[PDB]
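The block underneath contains the structure these notes are about, expressed in structure tokens.
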Amino acid sequence: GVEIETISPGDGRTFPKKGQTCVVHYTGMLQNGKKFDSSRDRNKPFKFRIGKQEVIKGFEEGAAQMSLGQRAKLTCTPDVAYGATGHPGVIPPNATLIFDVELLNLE
């Protein structure tokens with residue numbers, strides 16, 4: 001399961017639903033390791049929709065359990081994202097993922 005630790009401020013009620021394209025200032029982080037991705041660097045904050053399995057499974061449930069302006073803290077299990085395969089060269093097999101997720105979106 002995805003375990004959420006939201007840094008408090010936001011609105012707490014604009015729940016993400018289907019048919020909604022949302023904007024996340026995410027930041028990838030490997031546990032017991034260094035960074036591997038940061039959306040703030042390119043400054044194109046990754047517009048994507050909900051429900052078409054564009055993102056991985058653990059980020060999808062973590063996106064749904066938030067609201068506008070929040071600052072979550074994901075803890076993705078290996079079996080939802082990459083723990084069987086591992087992304088070649090970037091993500092090792094059987095890995096545990098941490099994300100700094102801020103939802104500053106539309107719709």
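Just so we're on the same page: first chain in the structure tokens is A, next is B, and so on; residues restart at 1 for each chain, and ligands are numbered from 1 in the order they show up.
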**Report entry** Long-range neighbours of range 11-22 of chain A as a list in words, 10 Å cut-off, only C-alpha atoms, 5 positions minimum in chain
**Finding:**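 Answer for this query is residues 45, 46, 47, 48, 49, 50, 51, 52, 63, 64, 65, 66, 67, 68, 69, 70, 103, 104, 105, 106 and 107 of chain A.
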Query - For residue 100 in chain A: contacts at 6 Å, only C-alpha atoms, fewer than 2 positions along chain excluded, given as a PyMOL selection string - result: chain A and resi 26-27+73
**Report entry** Of the listed residues A:54, A:10, A:98, A:77, that which approaches residue 38 in chain A most closely, counting only C-alpha atoms
**Finding:**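 For residue 38 in chain A, the nearest of the given residues is A:98.
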**Report entry** Residues of chain A in helix (DSSP H, G or I), written as a list in words
**Finding:**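 Selection result, helix (DSSP H, G or I) within chain A: residues 39, 40, 41, 42, 57, 58, 59, 60, 61, 62, 63, 64, 78, 79, 80 and 81 of chain A.
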Please produce a file of the residues just selected, as a compact mmCIF listing (two decimals), in the first residue's frame, where the atoms kept are N, CA and C atoms.
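So selection_3.txt came out as:
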# COMPACT_ATOMS: atom_id res chain seq x y z
N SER A 39 11.36 17.06 -11.32
CA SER A 39 10.58 17.82 -12.28
C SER A 39 10.87 19.32 -12.22
N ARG A 40 11.39 19.80 -11.09
CA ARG A 40 11.67 21.22 -10.93
C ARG A 40 12.86 21.69 -11.77
N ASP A 41 13.71 20.76 -12.22
CA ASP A 41 14.89 21.14 -12.98
C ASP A 41 14.53 21.64 -14.37
N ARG A 42 13.78 20.83 -15.12
CA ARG A 42 13.37 21.22 -16.47
C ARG A 42 12.32 22.33 -16.46
N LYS A 57 1.66 2.48 -10.71
CA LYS A 57 0.53 2.17 -9.83
C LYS A 57 0.61 2.93 -8.51
N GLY A 58 1.78 2.92 -7.87
CA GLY A 58 1.91 3.53 -6.55
C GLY A 58 1.80 5.04 -6.56
N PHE A 59 2.24 5.68 -7.64
CA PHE A 59 2.04 7.11 -7.78
C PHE A 59 0.58 7.44 -8.08
N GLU A 60 -0.14 6.50 -8.69
CA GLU A 60 -1.53 6.74 -9.06
C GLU A 60 -2.43 6.82 -7.84
N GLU A 61 -2.26 5.88 -6.90
CA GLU A 61 -3.02 5.94 -5.66
C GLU A 61 -2.59 7.11 -4.79
N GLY A 62 -1.30 7.45 -4.82
CA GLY A 62 -0.83 8.61 -4.09
C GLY A 62 -1.32 9.92 -4.67
N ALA A 63 -1.59 9.94 -5.97
CA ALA A 63 -2.17 11.14 -6.58
C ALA A 63 -3.63 11.30 -6.19
N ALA A 64 -4.35 10.20 -5.99
CA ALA A 64 -5.78 10.28 -5.71
C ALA A 64 -6.07 10.67 -4.27
N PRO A 78 7.87 -2.02 -3.81
CA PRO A 78 8.50 -2.51 -5.05
C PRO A 78 7.52 -3.14 -6.03
N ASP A 79 6.51 -3.86 -5.53
CA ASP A 79 5.63 -4.63 -6.39
C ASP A 79 4.63 -3.79 -7.17
N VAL A 80 4.54 -2.48 -6.93
CA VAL A 80 3.65 -1.64 -7.71
C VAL A 80 4.37 -0.87 -8.81
N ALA A 81 5.68 -0.63 -8.67
CA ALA A 81 6.37 0.22 -9.64
C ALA A 81 7.46 -0.51 -10.42
**Report entry** Residues of chain A in strand (DSSP E), written as a ChimeraX atom specification
**Finding:** /A:21-23,28-30,47-49,71-73,97-102
**Report entry** Close residues, residue 5 in chain A itself excluded, 9 Å, only C-alpha atoms, min 3 positions apart in chain, as JSON, numbers by chain
**Finding:** {"A": [8, 71, 72, 73, 74]}
Residues from last step as file, N, CA, C and O atoms, as a PDB file, in the first residue's frame:
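Output contents, as saved in selection39.pdb:
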ATOM      1  N   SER A   8       0.990  19.886   5.849  1.00  0.00           N
ATOM      2  CA  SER A   8      -0.393  20.304   6.104  1.00  0.00           C
ATOM      3  C   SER A   8      -1.090  21.188   5.061  1.00  0.00           C
ATOM      4  O   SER A   8      -2.199  20.816   4.647  1.00  0.00           O
ATOM      5  N   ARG A  71       1.362  18.875   0.038  1.00  0.00           N
ATOM      6  CA  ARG A  71       2.738  18.427  -0.158  1.00  0.00           C
ATOM      7  C   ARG A  71       2.844  17.051   0.488  1.00  0.00           C
ATOM      8  O   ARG A  71       3.052  16.941   1.699  1.00  0.00           O
ATOM      9  N   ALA A  72       2.684  16.009  -0.318  1.00  0.00           N
ATOM     10  CA  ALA A  72       2.646  14.658   0.205  1.00  0.00           C
ATOM     11  C   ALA A  72       4.058  14.119   0.386  1.00  0.00           C
ATOM     12  O   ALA A  72       5.057  14.814   0.182  1.00  0.00           O
ATOM     13  N   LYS A  73       4.135  12.855   0.786  1.00  0.00           N
ATOM     14  CA  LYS A  73       5.410  12.159   0.917  1.00  0.00           C
ATOM     15  C   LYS A  73       5.118  10.684   0.673  1.00  0.00           C
ATOM     16  O   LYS A  73       4.677   9.979   1.585  1.00  0.00           O
ATOM     17  N   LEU A  74       5.352  10.235  -0.555  1.00  0.00           N
ATOM     18  CA  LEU A  74       5.000   8.876  -0.926  1.00  0.00           C
ATOM     19  C   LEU A  74       5.959   7.873  -0.303  1.00  0.00           C
ATOM     20  O   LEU A  74       7.044   8.211   0.176  1.00  0.00           O
TER      21      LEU A  74
END
Query - CA of residue 95 in chain A to CA of residue 31 in chain A, straight-line distance in Å - result: 8.1 Å
Report task. Can you work out which one of A:53, A:92, A:44, A:87 has the shortest atom-to-atom distance to residue 25 in chain A, counting only C-alpha atoms? Result ->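 Result for the nearest residue to residue 25 in chain A: A:44.
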Query - Of the listed residues A:37, A:43, A:3, A:96, that which approaches residue 84 in chain A most closely, counting only C-alpha atoms - result: A:96
Query raised in the report: So how far away is CA of residue 29 in chain A from CA of residue 4 in chain A, in Å?
Result: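 CA of residue 29 in chain A lies 15.4 Å from CA of residue 4 in chain A.
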Query - One-decimal distance in Å that lies between CA of residue 34 in chain A and CA of residue 102 in chain A - result: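 Between CA of residue 102 in chain A and CA of residue 34 in chain A the gap works out to 19.8 Å.
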Requested in this report: Measuring atom to atom with only C-alpha atoms, identify which of A:35, A:55, A:9, A:76 is nearest to residue 90 in chain A.
Outcome: A:35
